[PDB]
Amino acid sequence: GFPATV
Amino acid sequence: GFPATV
Amino acid sequence: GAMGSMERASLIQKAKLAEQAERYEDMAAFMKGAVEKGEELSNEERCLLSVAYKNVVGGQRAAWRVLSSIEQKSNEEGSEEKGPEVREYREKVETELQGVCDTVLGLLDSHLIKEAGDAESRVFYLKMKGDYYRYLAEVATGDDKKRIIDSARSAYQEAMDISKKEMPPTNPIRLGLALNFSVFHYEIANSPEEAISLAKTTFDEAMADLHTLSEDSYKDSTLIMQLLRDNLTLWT
Amino acid sequence: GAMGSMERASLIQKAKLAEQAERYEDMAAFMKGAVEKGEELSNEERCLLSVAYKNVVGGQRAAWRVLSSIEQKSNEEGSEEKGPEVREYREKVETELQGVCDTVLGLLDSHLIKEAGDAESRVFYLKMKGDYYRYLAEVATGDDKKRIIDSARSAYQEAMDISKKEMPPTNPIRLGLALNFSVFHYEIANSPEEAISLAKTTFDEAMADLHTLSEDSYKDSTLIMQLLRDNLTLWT
Ligand SMILES: CC(C)(Oc1ccc(F)cc1)C(=O)NCCS
Ligand SMILES: CC(C)(Oc1ccc(F)cc1)C(=O)NCCS
Ligand SMILES: [Mg+2]
Ligand SMILES: [Mg+2]
Ligand SMILES: [Mg+2]
Ligand SMILES: [Mg+2]
Ligand SMILES: [Mg+2]
Ligand SMILES: [Mg+2]
């Protein structure tokens with residue numbers, strides 16, 4: 001799973 | 001658009 | 001071949017891992033290496049080969065269609081000259097797609113088809129040959145365009161002839177072949193009536209044979225029948 | 001460089017076409033060629049560079065995680081020995097990912113960062129440097145692991161220091177930097193309390209500054225604030 005990054 | 005192919 | 005030093009079984013194992021990772025370019029390279037070992041492919045291995053290359057070329061075709069659409073609008077009346085860049089990049093994607101099709105057609109000609117004697121292998125490979133000539137036909141504009149179109153037709157037709165003699169009308173390879181040959185008629189050969197007739201006859205003959213199937217075979221056959229119906233709905 | 005013969009403007013035009021076609025590897029190669037022309041990048045060009053490489057490495061990271069998970073289960077008690085293939089293929093994807101990170105870090109060091117004097121360029125590039133060291137840290141196991149982690153921390157920290165002095169708390173670059181540095185703390189540095197504190201302080205300071213914004217700036221800032229809130233919800 002990926003927490004949100006930009 | 002693509003009609004269905006397999 | 002960069003895969004020449006890897007064991008056949010390891011190539012197949014890695015193709016399956018690449019599929020799980022959605023790394024279809026890797027999957028195709030692994031399966032190319034496996035084909036180049038020279039041994040015939042099992043049913044599962046033919047599926048891995050076809051899935052890998054269908055996903056690679058499918059992405060290329062989608063990108064080519066985006067770029068061709070942009071190119072067509074850049075050439076309309078009242079559009080501003082953007083220079084050679086759209087054409088150049090469309091050509092770059094087109095050349096890469098043609099390269100992948102030539103690679104697959106090369107595997108089929110050297111030497112998958114000539115060693116395929118059972119209907120389920122020979123029909124599958126001839127269907128693939130029709131598919132990859134069809135993808136070449138989608139982008140073809142030169143002197144050889146009609147011969148590319150006819151190479152697709154000829155491969156599909158030989159596959160149809162074998163499948164009608166040697167496979168039940170519910171066989172998923174036979175159904176998928178008919179689905180794709182019908183699309184060839186509609187999109188490549190400018191023959192929508194033949195496309196619709198083939199899809200309808202294939203659907204009806206499969207329907208009448210479903211009663212012979214187990215539940216698992218029924219699921220596979222009806223999945224492809226639904227695709228035939230989907231296309232018929234699009235076209236009628 | 002294979003792009004050395006193409007005009008800078010043509011590389012940028014083709015990067016935009018590649019984005020529309022979802023051909024992110026091509027997009028990244030075009031933007032690498034543009035950076036290598038030696039001129040500073042505009043805001044839009046920095047966006048193209050970052051979007052291209054984020055999508056390339058993002059796909060590699062997703063594939064690496066699938067393969068690492070399979071590898072971890074193949075090494076559990078009671079699992080059957082499948083041989084070296086899972087590790088080999090995980091290593092292949094890992095090496096390709098490391099290669100892309102080294103390429104991006106190389107563009108930043110030669111010579112994007114040293115020429116970036118405005119806050120909006122320098123913070124953006126230092127954020128990218130932290131991001132690509134973070135991706136290296138995700139896969140690192142060797143003697144240099146702690147130095148890789150600290151290189152990410154150091155780049156993010158310099159970016160934070162400049163952004164706090166030179167940008168409003170709603171600036172989307174400052175918000176995205178804080179979002180990603182917070183993820184670094186949570187996932188890389190084993191510092192969930194620092195991750196949560198940074199996300200919360202960043203969110204609250206941005207909230208208090210939204211009243212100064214136009215509607216278009218408000219939309220950009222609140223989009224990133226929602227990502228901070230999403231992470232806080234995941235973590236608390
Ligand atoms: C669509 C379905 C059910 O069947 C076919 C049938 C004919 C083909 F040429 C390809 C696939 C399938 O996913 N099979 C596994 C990949 S071979
Ligand atoms: C997510 C959003 C709104 O903003 C940021 C902010 C900071 C970044 F490091 C990257 C993107 C965006 O999509 N911007 C266009 C690509 S630069
Ligand atoms: Mg051997
Ligand atoms: Mg051409
Ligand atoms: Mg007929
Ligand atoms: Mg020039
Ligand atoms: Mg390694
Ligand atoms: Mg603090």
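A note on names: the letters A, B, ... follow the listed sequences, proteins ahead of strands, and every chain is numbered from 1. Computed over heavy atoms, backbone and side chain alike; hydrogens, waters and symmetry mates excluded.
- Annotation: salt bridge (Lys or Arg N to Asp or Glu O under 4.0 Å) contacts involving residues 180-196 of chain D, sequence neighbours excluded, are absent.
- Note on residues 175-198 of chain D: pairs passing ring pair (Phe, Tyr, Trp, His ring centres under 6.0 Å), not counting sequence neighbours, are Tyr156(D)-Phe181(D), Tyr156(D)-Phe184(D), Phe181(D)-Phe184(D), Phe181(D)-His185(D), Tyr186(D)-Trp235(D).
- Using modelled atom types, one finds a donor on one side chain and an acceptor on the other under 3.5 Å when comparing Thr170(D) with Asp209(D).
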Which donor-acceptor pairs under 3.5 Å do the side chains of residues 98-110 of chain C make with protein atoms, sequence neighbours left out?
unit_1    : atom_1 : unit_2   : atom_2 : d
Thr103(C) : OG1    : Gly99(C) : O      : 3.1

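- Sorted by first and then second residue, the salt bridge (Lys or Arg N to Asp or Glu O under 4.0 Å) pairs involving residues 69-79 of chain D (not counting sequence neighbours) are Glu71(D)-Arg90(D), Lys73(D)-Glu76(D).
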Which atom pairs, one a donor and one an acceptor, fall under 3.5 Å between side chains of residues 11-20 of chain D and the rest of the protein, sequence neighbours left out?
unit_1   : atom_1 : unit_2   : atom_2 : d
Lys14(D) : NZ     : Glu88(C) : OE1    : 2.8

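- Environment of NZ in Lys114(D): crowded, with over 12 heavy atoms of neighbouring residues, nucleotides or ligands closer than 6.0 Å.
- Other residues, nucleotides and ligands place no more than 12 heavy atoms under 6.0 Å from the CD atom of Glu25(C).
- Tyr218(C) places none of its side-chain heavy atoms less than 4.5 Å from the side chain of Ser214(C).
- Judged by a 6.0 Å distance limit and a 45° cone about the ring axis, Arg65(D) is positioned over the six-membered ring of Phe2(A).
- With a 4.5 Å cut-off on side-chain heavy atoms, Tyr125(D) and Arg46(D) count as touching.
- Take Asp161(D) and apply the side-chain hydrogen bond (donor to acceptor under 3.5 Å, both in side chains) test, not counting sequence neighbours, and it matches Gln157(D).
- Take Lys92(C) and apply the side-chain hydrogen bond (donor to acceptor under 3.5 Å, both in side chains) test, not counting sequence neighbours, and it matches no residue.
- Applying the side-chain hydrogen bond (donor to acceptor under 3.5 Å, both in side chains) rule to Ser42(D) yields the partners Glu45(D); only residues at least two apart in sequence or on another chain are considered.
- Partners of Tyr132(D) under the ring pair (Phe, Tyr, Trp, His ring centres under 6.0 Å) rule, at least two apart in sequence or in another chain, are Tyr135(D).
- Among residue pairs with one or both ends in residues 27-64 of chain C, those qualifying as ring pair (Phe, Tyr, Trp, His ring centres under 6.0 Å) are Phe30(C)-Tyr89(D); sequence neighbours excluded.
- With sequence neighbours left out, the side-chain contact (heavy atoms from CB on, under 4.5 Å) criterion links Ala21(D) to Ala63(C), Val66(C), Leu67(C), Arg23(D).
- In this structure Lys127(D) satisfies the side-chain hydrogen bond (donor to acceptor under 3.5 Å, both in side chains) test together with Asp131(D), sequence neighbours excluded.
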